[PDB]
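Peer 1: Questions regarding the structure given below will be posed in turn.
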Amino acid sequence: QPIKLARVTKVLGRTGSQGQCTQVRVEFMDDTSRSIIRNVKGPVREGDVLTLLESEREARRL
Amino acid sequence: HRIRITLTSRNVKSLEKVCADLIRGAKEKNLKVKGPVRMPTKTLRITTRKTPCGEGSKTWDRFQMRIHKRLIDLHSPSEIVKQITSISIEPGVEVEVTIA
Amino acid sequence: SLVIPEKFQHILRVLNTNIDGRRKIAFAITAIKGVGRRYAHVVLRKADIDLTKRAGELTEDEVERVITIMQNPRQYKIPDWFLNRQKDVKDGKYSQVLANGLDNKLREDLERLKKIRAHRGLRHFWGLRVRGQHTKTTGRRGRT
Amino acid sequence: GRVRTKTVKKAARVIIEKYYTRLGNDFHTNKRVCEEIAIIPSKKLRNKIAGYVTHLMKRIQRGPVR
Amino acid sequence: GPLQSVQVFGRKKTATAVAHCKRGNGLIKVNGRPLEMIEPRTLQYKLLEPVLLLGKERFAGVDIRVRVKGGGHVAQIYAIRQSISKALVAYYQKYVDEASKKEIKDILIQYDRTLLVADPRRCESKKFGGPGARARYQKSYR
Amino acid sequence: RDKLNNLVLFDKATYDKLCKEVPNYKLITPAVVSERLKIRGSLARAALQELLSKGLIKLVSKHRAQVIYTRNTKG
Amino acid sequence: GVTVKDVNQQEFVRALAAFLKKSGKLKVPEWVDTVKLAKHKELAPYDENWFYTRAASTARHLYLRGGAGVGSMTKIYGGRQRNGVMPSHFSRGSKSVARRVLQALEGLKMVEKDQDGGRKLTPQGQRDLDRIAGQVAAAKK
Amino acid sequence: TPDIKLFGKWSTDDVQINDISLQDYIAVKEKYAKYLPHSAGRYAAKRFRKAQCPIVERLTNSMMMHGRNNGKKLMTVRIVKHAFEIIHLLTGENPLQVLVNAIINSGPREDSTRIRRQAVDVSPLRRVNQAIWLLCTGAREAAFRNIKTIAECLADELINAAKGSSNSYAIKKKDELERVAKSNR
Amino acid sequence: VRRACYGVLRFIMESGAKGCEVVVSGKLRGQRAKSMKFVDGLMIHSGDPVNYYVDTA
Amino acid sequence: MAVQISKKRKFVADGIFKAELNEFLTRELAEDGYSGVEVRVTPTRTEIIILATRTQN
RNA sequence: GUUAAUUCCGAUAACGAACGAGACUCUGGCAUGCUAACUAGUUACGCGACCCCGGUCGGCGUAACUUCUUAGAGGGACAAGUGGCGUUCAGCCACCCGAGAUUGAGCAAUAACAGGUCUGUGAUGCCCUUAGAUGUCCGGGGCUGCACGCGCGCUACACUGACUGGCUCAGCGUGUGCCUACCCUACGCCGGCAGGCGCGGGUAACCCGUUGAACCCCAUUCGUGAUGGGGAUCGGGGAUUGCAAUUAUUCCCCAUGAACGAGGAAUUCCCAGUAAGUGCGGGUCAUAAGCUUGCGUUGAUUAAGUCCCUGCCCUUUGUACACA
Ligand SMILES: [Mg+2]
Ligand SMILES: [Mg+2]
Ligand SMILES: [Mg+2]
Ligand SMILES: [Mg+2]
Ligand SMILES: [Mg+2]
Ligand SMILES: [Mg+2]
Ligand SMILES: [Mg+2]
Ligand SMILES: [Mg+2]
Ligand SMILES: [Mg+2]
Ligand SMILES: [Mg+2]
Ligand SMILES: [Mg+2]
Ligand SMILES: [Mg+2]
Ligand SMILES: [Mg+2]
């Protein structure tokens with residue numbers, strides 16, 4: 007598994023039972039025309055970069 | 018001749034009414050005055066359990082009594098200030114005028 | 002200055018009771034009952050002994066001085082208020098009672114209260130709190 | 002949580018109904034013309050009525066109000 | 005010339021410190037003693053932040069004597085940290101150009117803006133039914 | 041279980057060891073010297089004051105909590 | 003040169019302790035050895051030359067502000083008394099060591115009984131403390 | 014005057030934050046360069062203004078835990094001062110650089126949370148927070164019941180975290196945390 | 115009880131008041147403790163104006 | 001005053017005076033419309049004003 | 001749709017109203033502008049002490065002033081300005097300006113519980129007792145009693161520490177009482193200490209008191225050992241209060257040195273000067289804080305979210321429930 011970092015481009019909602027994992031969509035920085043949607047744990051604003059351990063997991067949207 | 022007046026009340030507006038009235042009385046009987054100095058308000062605070070019995074959530078009243086005290090100094094003779102203090106006082110304000 | 006000197010005593014012998022010499026003297030004398038923190042410090046204040054020494058680098062002259070000052074306290078200008086057996090109920094002698102006599106004086110006081118049949122002796126013999134505490138909630142350790 | 006209540010909104014609509022000419026655009030001026038023209042027994046309510054007067058008069062220079 | 009004395013307060017939690025700046029040489033001392041022995045000396049660059057951020061050339065013609073009262077140790081040391089900078093900024097307000105005032109002020113603010121404005125925070129009141137301001141005692145069932 | 045039987049004064053082997061290796065360390069705190077050389081913290085502080093007095097190591101900061109020492113610069 | 007507030011106080015007090023030891027005029031009591039220095043302490047002082055040091059310290063306090071006495075010096079040299087399994091409190095110092103140290107600092111004339119109660123330091127003692135403040139500044143330069 | 018130096022002894026340039034990921038949440042640069050790790054505070058009014066506090070003050074804040082040391086900030090500034098000094102003599106580089114590389118190395122890249136569990140990538144601010152917290156608690160319980168003082172526990176563990184030797188408590192919990200994340204992905 | 119409370123209500127509203135509230139609590143119509151409530155007009159309950167608009171007894 | 005009472009307990013002492021005065025007049029003149037009292041003090045004499053309904057009684 | 005809100009915009013077989021929310025009061029935060037101050041001060045000026053012109057002083061006095069202190073009247077902030085989002089309504093987000101762009105409490109509706117109080121009352125129905133009293137008083141005892149279970153807490157398990165010196169900082173408050181006999185104390189001596197004996201101040205911005213408080217800061221000693229951690233238990237002595245302390249009232253001195261190595265199932269409080277650490281005042285009080293109520297002081301980790309568990313409110317729906 008290669009390590010890829012990607013920039014949050016819009017924050018969408020909170021997911022999880024205790025309302026703890028902020029669901030955002032990100033776009034990868036080398037493949038800037040590509041996007042994915044990730045459940046992200048913690049304090050997240052728009053415009054920060056996440057270190058994805060894998061590019062390919064994509065979650066549901068509630 | 019350095020006769021001093023102290024004004025003391027639980028009320029603030031009546032006290033300051035009486036003190037400004039005495040300042041204007043001293044001015045119309047034409048003698049200088051060191052102004053009404055305001056010493057700090059003494060609070061009398063009481064915290065009691067609201068309940069007569071023992072049970073309940075342990076709640077507490079917070080009763081307060083504010084006491085205001087102010088001072089007026091006059092270099093003047095005695096009957097002038099005696100006849101100015103014989104008039105124009107509210108019931109809430111205690112007046113104490115000493116000579117020395 | 003810091004090397005082990007020869008004849009370094011790892012242990013000493015005072016009133017048939019051991020004195021660990023690896024510690025420091027003001028706290029090594031404390032190992033026998035009847036002398037503690039402050040009485041140990043004051044006894045070796047009266048004895049001309051530097052407090053920085055450890056109890057294995059003393060000499061037998063100095064430990065003889067220390068044991069004489071502990072056994073005869075008030076004629077080395079230890080005050081009367083600094084003792085533990087002040088005005089005792091047999092001979093009235095102000096002296097510091099030490100290790101093997103300490104439990105003797107304790108148990109003689111115990112037997113005096115027993116055969117005098119007082120309340121505090123009854124509480125001792127019953128195995129209770131003799132100094133007026135509460136037994137309803139605290140002290141369930143020894144008595145089941 | 003800044004919602005002007007009915008005692009603010011009703012009074013501001015009455016002020017702008019009967020005194021639209023002297024009211025203007027800035028909070029500090031029409032605050033004191035509202036304090037001259039009404040009996041508002043507290044400064045906090047006075048300021049909130051004045052601010053809502055400013056806001057809906059900006060709505061009036063947008064267009065007509067219901 | 006005339007005595008160019010400005011007396012400025014600096015406020016932390018309850019420790020208030022009024023500084024007093026005149027025409028003179030660069031004499032900065034607080035409560036009759038210099039800055040370099042004011043305990044706690046852990047916060048020694050806290051006192052030195054106005055003089056280190058501005059240089060002694062700006063503190064050259066100004067002697068500042070500070071009297072401090074109230075609060076605790078670091079509250080006093082933050083009140084002195086505020087009061088020196090505010091005393092210098094009021095001297096440069098009233099007796100020289102205000103281009104100097106603006107450059108001294110934004111050099112202060114671009115490091116730390118609590119050098120000039122204060123903390124309005126104080127210890128809030130203990131409500132009943134708790135050990136402190138908003139902690140409560142331990143509720144127990146069964 | 042385990043009990044550090046640290047020796048409270050130097051025997052000849054450990055005194056010669058402290059003269060040997062301890063002026064070559066980078067970090068010389070008494071807590072380091074105690075674990076590396078089997079001694080008390082007190083005897084460590086006394087030995088390190090002795091080494092500073094002889095002039096074989098160098099003070100860096102002295103504090104009520106701990107003291108920190110280096111070896112000398114080699115050049 | 004400098005004065006007492008111009009230098010650090012914590013080596014000022016050991017300088018004045020060494021100065022009073024050098025004079026040897028202070029007249030310590032006999033119960034220097036067998037004392038616990040206040041109620042809230044637990045042991046005797048570790049330093050055996052402590053009377054000269056507390057004499058230095060209370061001379062410095064009387065230089066910084068006068069009109070202080072036995073109760074004031076117990077208020078300075080008080081501290082935390084740990085009461086075992088109860089919460090700790092503040093406890094005053096020893097009255098007798100403050101009384102003896104003020105009698106010693108008025109024995110060698112560095113302090114003097116003032117009006118309105120208490121002690122204030124004499125100009126000779128003030129001169130000595132200023133001299134050794136100059137000496138402390140010289141030792142640290 | 015330019016070149017504000019942290020504790021007077023360490024310059025706030027000469028640092029490359031080798032994450033473009035954790036770049037804006039570790040504050041060592043010139044507008045975030047202070048003299049002390051002691052500021053006035055008031056970083057807890059808004060949400061992300063926690064990340065405006067510099068990393069030295071934030072380490073100093075996160076150290077003073079477990080009851081007996083709540084709000085001993087002067088004390089923890091003392092600990093960070095001796096810790097940076099011991100980092101400098103024991104390593105030979107910038108102590109702030111050792112701190113930044115320790116944060117970069119010790120921040121867990123992803124964690125697992127219940128949505135059983137599910138692996139989720141973490142926020143950069145949250146992995147900064149958890150990195151600081153793991154470093155502080157490793158130093159603390161290395162120091163507990165030991166001759167080893169905390170002012171060099173924190174130093175030795177920032178060395179072991181900047182090297183990533185799995186000899187640090189922080190790097191061990193980071194590895195086992197993203198291990199459990201790799202199980203729950 | 116009811117016509118006495120009605121009489122007090124109508125009397126003091128004729129005497130001129132923005133409102134009134136009469137509560138008679140106790141044993142009424144039997145040995146059970148009941149309560150009777152008689153409200154008319156304006157009656158603020160909270161805040162600071164209950165110290166100078168409500169006369170209570 | 002030669003015993004020289006302090007102001008803090010002075011205001012609560014004449015407060016508790018006005019309290020037991022009001023309660024005494026309440027227990028006596030309840031039959032005759034006792035509304036309240038007002039106590040106002042001068043030197044050497046003190047005007048205390050019962051304010052009630054049936055002044056004739 | 002929107003808000004902390006039955007808060008508003010708005011829809012409309014409803015219209016016009018009332019309470020609650022809000023409004024209000026106190027508090028907090030900001031004014032170098034106003035009012036003034038020998039029961040608060042600053043700055044100068046003049047004497048005084050000291051250091052090699054200048055510096056220090058809470059050393060002594062007076063000519064200005066009120067920034068600091070006190071407290072009064074006004075002000076000040078309104079989502080007002082700007083940029084987005086929204087029917088471009090109600091309003092939300094962000095930002096400049098700014099002492100503040102959510103400080104904290106008090107008050108708090110309709111209806112109700114067979115919740116507590118007859119042990120707060122001279123508020124009280126009824127019953128019972130009423131001279132061998134269940135009235136009142138005095139003497140003594142008990143309310144504390146210990147195989148055990150539970151709850152609120154304080155001290156701790158130490159090196160981020162203990163001990164010993166040194167240095168230097170608060171804000172609440174209270175203080176000589178109707179009966180009522182018992183106040184807060186500087187200062188000078190005696191005593192290790194608890195304390196004792198004298199002359200003084202204060203009915204209080206005056207005197208305690210500039211409240212020289214602790215953690216804290218600095219410098220020692222201790223060295224990972226139930227240890228200089230911890231101080232329970234216990235022996236002997238010395239004081240104070242009482243009319244009297246024994247079942248140790250409280251404190252002091254020495255000696256005794258236990259469990260306790262961060263706590264299982266479970267469970268509490270909390271998000272900014274907050275939690276926690278720390279000490280000081282009030283009540284209780286002749287003696288008297290392991291309590292509680294206030295107060296400062298050092299002062300953060302984390303969060304700006306959700307309906308997951310525990311619950312609350314509104315709508316729809318189901319009911320064989322209605323002491324639900
Ligand atoms: Mg003290
Ligand atoms: Mg340790
Ligand atoms: Mg209302
Ligand atoms: Mg309300
Ligand atoms: Mg019931
Ligand atoms: Mg019968
Ligand atoms: Mg009981
Ligand atoms: Mg102990
Ligand atoms: Mg009792
Ligand atoms: Mg022990
Ligand atoms: Mg719960
Ligand atoms: Mg109680
Ligand atoms: Mg069905």
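Those protein sequence lines, which keep their order, are chains A, B, C, D, E, F, G, H, I and J. Offset between the first sequence (1-based) and the deposited numbering: plus 6. Offset between the second sequence (1-based) and the deposited numbering: plus 17. Offset between the third sequence (1-based) and the deposited numbering: plus 1. Offset between the fourth sequence (1-based) and the deposited numbering: plus 1. Offset between the fifth sequence (1-based) and the deposited numbering: plus 4. Offset between the sixth sequence (1-based) and the deposited numbering: plus 40. Offset between the seventh sequence (1-based) and the deposited numbering: plus 2. Numbered by the deposited numbering, the letters in the eighth sequence go through residues 14 to 128, 135 to 204 in order. Offset between the ninth sequence (1-based) and the deposited numbering: plus 114. So that you can map any letter, position 30 of the tenth sequence is 30 in the deposited numbering, and since no number is skipped, the others follow by simple counting. Even for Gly, the Cβ is constructed at its ideal location relative to N, Cα and C.
1. Starting from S93(G), trace the beta strand (DSSP E) both ways and give me its first and last residue.
2. Confirm, please, whether the CB-CB distance from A135(G) to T55(G) is below 7 angstroms.
3. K75(B) versus chain E: which residues are under 7 angstroms apart at the beta carbon?
4. Any beta carbon from chain H within less than 7 angstroms of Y141(E)'s own beta carbon?
5. Under the criterion of a Cβ to heavy atom distance below 6 angstroms, does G76(E) qualify as lining ligand 1?
6. Residues in its own chain within less than 7 angstroms of residue 2(E) by CB, not counting five upstream and five downstream?
7. Among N105(C), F9(C) and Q97(C), whose alpha-carbon lies nearest the alpha-carbon of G35(C)?
8. Does the beta carbon of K7(G) come closer than 7 angstroms to any beta carbon on chain E?
9. Check the Cβ of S74(F) against every Cβ in chain H and list those closer than 7 angstroms, keeping chain order.
10. Is it buried or exposed, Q80(E), if we count other Cβ atoms within 10 angstroms and call 16 or more buried?
11. State the Cα-Cα distance for the pair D130(G) and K8(C), rounded to the nearest angstrom.
12. Report yes if the C-beta distance between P47(G) and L39(G) is below 7 angstroms; otherwise report no.
13. In chain C, which residues lie with their C-beta within 7 angstroms of the C-beta of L45(G)?
14. Pick helix, strand or coil for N19(C), following the three-state DSSP scheme.
15. Check each residue of the stretch 101–117 of chain H: if its Cβ is closer than 8 angstroms to any Cβ of chain E, include it; give the result in chain order.
16. Which value, in whole angstroms, describes the spacing of the CA atoms of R14(C) and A27(C)?
17. Roughly how many angstroms lie between the CA atoms of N57(J) and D32(J), to the nearest whole one?
18. Is the beta carbon of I17(H) sitting closer than 7 angstroms to the one on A53(H)?
19. Across the stretch 7–19 of chain A and the stretch 30–41 of chain A, are there enough close Cβ pairs to call them in contact, namely three or more that are closer than 8 angstroms?
20. Any heavy atom of ligand 2 closer than 6 angstroms to the Cβ of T168(H)?
21. Three or more C-beta pairs under 8 angstroms: does that hold for the stretch 19–37 of chain H against the stretch 89–104 of chain G?
22. When you compare only the Cα positions, how much space is there between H101(H) and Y109(F)?
23. Of all the options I166(H), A181(H), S34(H) and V93(H), which has the alpha carbon lying nearest to the alpha carbon of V73(F)?
24. Assuming contact is defined by CB atoms lying nearer than 7 angstroms, are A115(H) and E123(H) in contact in what I supplied?
25. Less than 6 angstroms between the CB of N165(H) and some heavy atom of ligand 2, yes or no?
26. Spatial neighbours of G28(E) within its chain, please: CB distance less than 8 angstroms, with the 5 preceding and 5 following residues excluded, ordered by chain position.
27. Anything in the stretch 68–94 of chain H with a Cβ closer than 9 angstroms to a Cβ of chain E? List those residues in chain order, please.
28. Per DSSP, which residues does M150(I) bridge with? Please list them.
29. For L173(H), I'd like the list of residues in its chain whose CB is within less than 6 angstroms of its CB, leaving aside the five on either flank, ordered along the chain.
30. What residues from the stretch 27–39 of chain E come within 9 angstroms of chain G, judged by C-beta to C-beta, listed N to C?
31. For the beta strand (DSSP E) containing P15(H), list its first residue and its last residue.
32. Interface residues of chain J around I89(B) at Cβ under 9 angstroms?
33. Residues of chain H with a CB under 7 angstroms from the CB of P54(E): which are they?
Peer 2: Taking the geometry as given:
1. If you number the seventh sequence from 1, residue 93(G) lands on position 91. Where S93(G) is concerned, the enclosing beta strand (DSSP E) stretches over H91 to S93.
2. Here residue 55(G) is taken as the residue at index 53 of the seventh sequence, counted from 1. Here residue 135(G) is taken as the residue at index 133 of the seventh sequence, counted from 1. Cβ distance not < 7 angstroms, so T55(G) and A135(G) don't count as in contact.
3. Taking the first residue of the second sequence as 1, we reach residue 75(B) at position 58. Residues of chain E passing the Cβ test: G133.
4. The residue you call residue 141(E) lines up with position 137 of the fifth sequence. No, because no Cβ of chain H sits closer than 7 angstroms to the Cβ of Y141(E).
5. Within the fifth sequence, numbered from 1, the residue matching residue 76(E) stands at position 72. Answer for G76(E): no, Cβ out of range of ligand 1.
6. Since the first and last residues shown for chain E are 5 and 146, residue 2(E) lies out of range.
7. One-based indexing of the third sequence puts residue 35(C) at position 34. Here the closest residue by C-alpha is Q97(C).
8. By one-based count along the seventh sequence, residue 7(G) stands at place 5. With 7 angstroms as the cut-off, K7(G) counts as an interface residue toward chain E.
9. Counted from its first residue, the sixth sequence places residue 74(F) at position 34. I166, listed in chain order.
10. Against the fifth sequence, residue 80(E) aligns to sequence position 76. When all chains shown are included, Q80(E) counts as buried.
11. If you number the seventh sequence from 1, residue 130(G) lands on position 128. If you number the third sequence from 1, residue 8(C) lands on position 7. Distance between the alpha carbons of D130(G) and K8(C): 50 angstroms.
12. Locating residue 47(G) in the seventh sequence gives position 45, counting from the first residue. Locating residue 39(G) in the seventh sequence gives position 37, counting from the first residue. Yes, they are a contact pair.
13. Here residue 45(G) refers to the residue found at position 43 of the seventh sequence. Neighbours of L45(G) on chain C, chain order: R38, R39 and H42.
14. Against the third sequence, residue 19(C) aligns to sequence position 18. In the structure shown, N19(C) sits in a strand (DSSP, three-state: E or B).
15. none
16. Residue numbering aside, residue 14(C) sits at position 13 when the third sequence is read from its first letter. Residue numbering aside, residue 27(C) sits at position 26 when the third sequence is read from its first letter. So the alpha carbons of these two residues sit roughly 15 angstroms apart.
17. Along the tenth sequence, one-based indexing puts residue 57(J) at 57. Along the tenth sequence, one-based indexing puts residue 32(J) at 32. Cα to Cα, the separation comes out at about 7 angstroms.
18. By 1-based counting over the eighth sequence, the position of residue 17(H) is 4. By 1-based counting over the eighth sequence, the position of residue 53(H) is 40. Not in contact: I17(H) and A53(H) (Cβ atoms no closer than 7 angstroms).
19. yes
20. Position 149 of the eighth sequence, counted from the start, is the residue given in the question as residue 168(H). Indeed, a heavy atom of ligand 2 lies less than 6 angstroms from the Cβ.
21. no
22. Here residue 101(H) corresponds to residue number 88 of the eighth sequence, with the count starting at 1. Here residue 109(F) corresponds to residue number 69 of the sixth sequence, with the count starting at 1. So the two alpha carbons sit approximately 12 angstroms from each other.
23. Residue 73(F) sits at position 33 when you count from the first residue of the sixth sequence. Considering only alpha carbons, the answer is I166(H).
24. Walking along the eighth sequence from the start, residue 115(H) turns up at place 102. Walking along the eighth sequence from the start, residue 123(H) turns up at place 110. Going by C-beta atoms, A115(H) is not nearer than 7 angstroms to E123(H).
25. Here residue 165(H) refers to the residue found at position 146 of the eighth sequence. Checking the Cβ of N165(H) against ligand 2 gives yes.
26. The residue given as residue 28(E) occupies position 24 in the fifth sequence. Only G65, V66 and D67 meet the Cβ criterion.
27. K86, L87, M88, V90, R91 and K94
28. In the ninth sequence, residue 150(I) corresponds to position 36, counting from 1. Answer is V138(I).
29. Taking the first residue of the eighth sequence as position 1, residue 173(H) is located at position 154. Taken in chain order, the residues that qualify are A96 and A158.
30. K33, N35, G36, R37 and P38
31. Start at 1 with the first residue of the eighth sequence, and residue 15(H) comes out as number 2. Taken as a continuous stretch (DSSP letters only), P15(H) belongs to no beta strand (DSSP E), as it is neither H nor E.
32. Stepping through the second sequence from its first residue, residue 89(B) is reached at position 72. Near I89(B) there are no residues of chain J at all, since even the closest Cβ is about 17 angstroms away, more than 9 angstroms.
33. Residue 54(E) sits at position 50 when you count from the first residue of the fifth sequence. Neighbours of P54(E) on chain H: none; closest Cβ ~11 angstroms, over 7 angstroms.
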